[PDB]
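One chain comes next, on its own, written as structure tokens: the form deposited in one PDB entry.
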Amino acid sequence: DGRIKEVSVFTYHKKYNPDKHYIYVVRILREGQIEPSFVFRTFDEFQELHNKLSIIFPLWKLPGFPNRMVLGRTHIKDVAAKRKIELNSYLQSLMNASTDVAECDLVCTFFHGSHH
């Protein structure tokens, strides 16, 4: 797009600063820079990002977002490991979205500020 040239979920980990949950480490590569940046975002921030996109855009403009209640009974680390994938495909979908999605303020905010 503008600056952002590629994004990906690079890896994640199991934090305890309140109690849980996981953090997803997101690698971003901008046009104006040679080195990636990395930001850290939980499942619920990506959710909160989608929810705010829906306020201002029609859903058919946006990727679908990955949430299953519990598949059936599963499973701490296991869900983290399926989110690495699902969040990453969300991200690829969201940034090859129209320009007004890819480059809109709500999606640049999401991606500024390592922990914020």
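From 1 onward, residues are counted along the sequence shown. Take the two forms, superpose them, and find the largest set of C-alpha atoms that agree within 1.5 Å; that set is the rigid core.
Beyond the structure shown, there is the form deposited in another entry, which is absent from this document and is the topic of what follows.
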Original post:
So which residue among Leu59, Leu71, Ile55, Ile85 shifts its CA at least 2 Å between this form and the one not shown once the core is superposed?
Top reply: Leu71
Subject >> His21: Cα shift of 2 Å or greater between this form and the one not shown (core-aligned) >> reply: no
Subject >> in the other form, whether the C-alpha atoms of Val70 and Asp44 sit closer or farther than here (change of 3 Å or more) >> reply: closer
Subject >> Residue pair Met69, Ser8 - Cα distance in the other form, closer or farther (3 Å or more) >> reply: closer
